[PDB]
Amino acid sequence: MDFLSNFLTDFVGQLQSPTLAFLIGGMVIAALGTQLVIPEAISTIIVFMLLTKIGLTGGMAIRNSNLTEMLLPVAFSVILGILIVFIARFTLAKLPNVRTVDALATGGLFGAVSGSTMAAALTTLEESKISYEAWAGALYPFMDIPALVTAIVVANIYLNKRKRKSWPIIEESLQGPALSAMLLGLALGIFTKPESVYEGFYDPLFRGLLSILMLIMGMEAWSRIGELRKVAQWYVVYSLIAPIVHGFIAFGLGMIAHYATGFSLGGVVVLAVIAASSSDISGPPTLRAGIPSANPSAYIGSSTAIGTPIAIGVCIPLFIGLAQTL
Amino acid sequence: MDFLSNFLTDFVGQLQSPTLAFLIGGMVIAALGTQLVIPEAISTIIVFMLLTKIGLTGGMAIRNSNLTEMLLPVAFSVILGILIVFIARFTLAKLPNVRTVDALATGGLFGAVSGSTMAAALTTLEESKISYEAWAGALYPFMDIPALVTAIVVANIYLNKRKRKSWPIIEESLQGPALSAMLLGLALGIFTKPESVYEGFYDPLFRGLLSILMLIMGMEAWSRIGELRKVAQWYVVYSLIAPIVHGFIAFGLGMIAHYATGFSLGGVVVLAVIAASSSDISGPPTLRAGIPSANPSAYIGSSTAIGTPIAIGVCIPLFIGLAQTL
Amino acid sequence: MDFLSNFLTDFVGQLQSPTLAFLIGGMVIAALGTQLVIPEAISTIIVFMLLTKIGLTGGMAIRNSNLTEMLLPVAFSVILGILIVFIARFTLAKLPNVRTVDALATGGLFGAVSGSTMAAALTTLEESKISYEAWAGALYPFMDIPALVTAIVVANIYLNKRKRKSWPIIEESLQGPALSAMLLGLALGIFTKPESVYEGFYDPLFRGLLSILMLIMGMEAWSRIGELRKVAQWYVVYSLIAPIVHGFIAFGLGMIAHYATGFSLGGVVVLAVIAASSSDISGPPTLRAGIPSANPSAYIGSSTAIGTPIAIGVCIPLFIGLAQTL
């Protein structure tokens, strides 16, 4: 039981961690020139082979675990996935002039991430004291598959009832790169035994390859946050606040499992930081071929530029301190 | 001494191994769409740097071993390499209408592989009980270099004595990518001491990079097995049977070294699965620039689609059970 | 205390080491054809992510070390960096017809390397007996940053006072690829704590990725040493001698820190082989956009073809024997 004095010394040392240090280490070079560029072939084998580590981890956790205890955490994740896009359909919409709903339901892409909460939460979760379950990454496909289709279906059915009337929807999204690269991980995690290729090639160079992909995402965010000044003054305010308010409606909704079906308080924090995350890798390859009328800076510049630096900044050392309070 | 009841429980658990699980895990996504694609630059640094692990392994095994015991296994491998293409020149040729000999001697490309028998046999050989020698991968350059030139020389001299007359042959094949990438491994394995770069970069990420290359080979095999319906009904029958019959003429011919030398009975099985393999990586970069009039689906669709799934399916758990019978 | 008899048995076994063995293993295949080629996307993610290991190593060595003992080795490195280009402005210039000074001050690019002296000296330094300090790679940014700008500024101010008059200079060089990839390593080595991504992804596959990059550099050196016959007969003589004479003016100038500072005698040798090195990776991306009138074979063919094979050939086993004499 320790105050906000313990918070500030965590935030300095968690900004100093090697995942976010390259992100703000890529912004600071892009403000200085830097003709450095990683080619497009490397940045599409880092998008694969880093969404296969998450599929294999979630797939291996379903074999060696009972399917009794993993009902309440996944029914509080599907419901927690669908709820986020409807809140943003009521929160961010009823606003001044930037209320282009198809560029606003996609701004509620806030599903789950790879860059944090699988390598940021889990490496500071068991760094200090507290332990968690085996199915950390098994809550990644849930709240990512349902949280993106409801962005598509809502923003597609809203367009037909206004401009035209003045399975094939989910099929083009799920059949695509960086989302069939994850379902290949689950089917080979549930059915087969890849314990010699996961631990040895996909698992040791996972934390390292994330730092290359948070260098691309850092220095392609310097111009895109400057181009965001053209769009609005309200996507900034939604970006600083909604990664906070999506945690507390998940932290209390995750506080039902504790007083019902296990789900250790050390696991609730690995459910509440997942829901405040703003997808980066599974996100923009979808929601662009699914929703073409997109304005592709409102939902990317609010997730990779302001979204995840606050999602690793002021809410993972927050909910560790909330977990240490109990 | 245990019956076919022990065979079926091996085949289920050997189809569940992480090498063939991605192959039939790449077919099953390609039947479902999957805009996923690994770019051409990555799939030509996986072809190199996986034929350098085999060159370094065969090259290191020749230094720390006597050149007395490695004469009968390599004279029963060169002879076993040249014999396969002549059998197919007599077996598959005297047939109905698909007997285009230049698309048939290349269908006898059945040399040695990387994808199995170096990572499929050797990881199930010493998985259970039985031990083998040090020169497992030193039988890879033999029965691969002579088994491809005799595909070229026979199908080139047959064309000149029929259409035109109605060293420079082997030089264009051996001087090419994915075959000079292997001789670079041998010359740096015999002469130099790369024990700090092999074990540390080429050896730990060998089993992992094979699973990316058996994902390309899996989802480029869905259309190519459907295009094979245009060609014939006889390249299928040669594909299901010749990886069985090339083993027993190698298992008994390897049974002359166990009763005269000592490459041991656990080594004979790592000679008989090598000869029933249907090359995948050294194969099609050769036999295309060497033999242009090729019809490049008859010899690739019979080796990477039907050839190697039977070569890991029903003949590596077979000859382990034959070895456990003795 | 042991004679030149111990030298020859080192040179045979140090030519047999896996760094230079691929270099002369890439020349010997390029004299034989070899359609093998590593694509341009791979050879620009090996140039990055191998100049980030050197930035992180130098950056981590400045945190956990006092800034008292690292003044005399870096003031004997900046001065040793600027002196080399002025010697070559007086040695190589006053010559017959090939004295094109802008193709001659760049021929004095002899700063520091990655391919040797970080993986060639340091892996034979602590191989036998002798120990060195912690800041081996922290002498890489020094004598590389000042040694290239003085190649640019001298050869730019010489052109203006002869053809035209018959910060923005260093800015275009330092703001570029393969040199901002190193300053990203230092700023993330001094300020942050990347001890979980360095040791695990950048450090284990450093020695291996150097052998791919000394395979490109080996087989792109066969034609370029033949094209060097067109240029001169004097860039050869400067290439065989100046990696020897730059060591002894550094070995005695490093012998002032052994009798006035803590810089040990085992560290002097890791200062004197650094100054006889002829840059390969940070070199030619600079000095080409900085100095366009370059004749880009005089300064590359003298550094990657004759420069570094003598810089690993006859001067790292030399100065180990000089260090073992004392």
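Computed values, structure above
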| quantity | calculated |
| --- | --- |
| From A:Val231, A:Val237, residue being more than 30 Å from A:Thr68 (Cβ to Cβ) and under 21 Å from the mean Cα position of the chain (by Cα) | A:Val237 |
| The lone exception for A:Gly108 - which of (1) in a helix (DSSP H, G or I); (2) more than 27 Å from B:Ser211 (Cβ to Cβ) it fails | (1) |
| Residue match in the range C:57-70 (condition: in a loop (DSSP other than H, G, I, E, B), aliphatic (A, V, I, L, M) and within 20 Å of C:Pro141 (Cα to Cα)) | yes |
| So B:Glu127, is it within 14 Å of chain C (Cβ to nearest Cβ) and more than 20 Å from the chain's Cα centre (by Cα) | no |
| Test result for C:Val98, in a loop (DSSP other than H, G, I, E, B), surrounded by fewer than 20 Cβ atoms within 10 Å (Cβ to Cβ) and β-branched (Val, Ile, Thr) | yes |
| Conditions (1) surrounded by fewer than 24 Cβ atoms within 10 Å (Cβ to Cβ); (2) under 13 Å from the mean Cα position of the chain (by Cα); number of the one not met by B:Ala276 | (1) |
| Filter result for the condition that a residue is more than 14 Å from every other protein chain (Cβ to nearest Cβ) and on the phi < 0 side of the Ramachandran plot, over A:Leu36, A:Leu83, A:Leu20 | A:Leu83 |
| Check on C:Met27, more than 8 Å from every other protein chain (Cβ to nearest Cβ) and either hydroxyl-bearing (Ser, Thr, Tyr) or more than 30 Å from B:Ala178 (Cβ to Cβ) (or both) | no |
| Residues (away from chain B (no Cβ under 11 Å) and surrounded by 14 or more Cβ atoms within 10 Å (Cβ to Cβ)) located in the range C:7-17 | C:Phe7, C:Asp10, C:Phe11 |
| Among (1) closer than 20 Å to C:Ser17 by Cα; (2) over 19 Å from the mean Cα position of the chain (by Cα), the one test that C:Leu72 misses | (1) |
| Qualifying positions in the range B:29-58 - touching a helix residue (DSSP H, G or I) at 6+ places or on another chain (Cβ under 6 Å) and of a type in the set (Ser, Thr, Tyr) | B:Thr34, B:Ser43, B:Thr52, B:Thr57 |
| Residue ranges of helices (runs of 4 or more DSSP H) in the range C:137-203 with at least 2 members within 12 Å of chain A (Cβ to nearest Cβ) and surrounded by fewer than 22 Cβ atoms within 10 Å (Cβ to Cβ) | C:168-174, C:180-190 |
| Any hit, the range A:39-52, residues being in contact with a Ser or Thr (Cβ under 8 Å, 6 or more places away or on another chain), within 14 Å of chain C (Cβ to nearest Cβ) and surrounded by fewer than 21 Cβ atoms within 10 Å (Cβ to Cβ) | yes |
| Criterion: within 25 Å of A:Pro204 (Cα to Cα) and of a type outside the set (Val, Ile, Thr) - qualifying residue of C:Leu174, C:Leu215, C:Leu205, C:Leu179 | C:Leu205 |
| Complete set of residues in the range C:204-228 that are within 14 Å of chain A (Cβ to nearest Cβ) and either over 20 Å from the mean Cα position of the chain (by Cα) or over 21 Å from C:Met27 (Cβ atoms) (or both) | C:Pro204, C:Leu205, C:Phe206 |
| Residue under evaluation A:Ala242, criteria (1) touching a helix residue (DSSP H, G or I) at 6+ places or on another chain (Cβ under 7 Å); (2) more than 14 Å from chain C (Cβ to nearest Cβ); (3) surrounded by 22 or more Cβ atoms within 10 Å (Cβ to Cβ); (4) among the aliphatic types (A, V, I, L, M), criterion not met | (1) |
| Residue that is surrounded by the fewest Cβ atoms within 10 Å (Cβ to Cβ) [pool: residues in the range C:248-262 that are touching a helix residue (DSSP H, G or I) at 6+ places or on another chain (Cβ under 6 Å) and within 17 Å of C:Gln324 (Cβ to Cβ)] | C:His258 |
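Quick reminder, even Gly has a Cβ in these numbers, built from the backbone with ideal geometry, and neighbours come from all protein chains shown. Computed from the coordinates by the stated procedures, all read-outs in this text should not be read as laboratory data.
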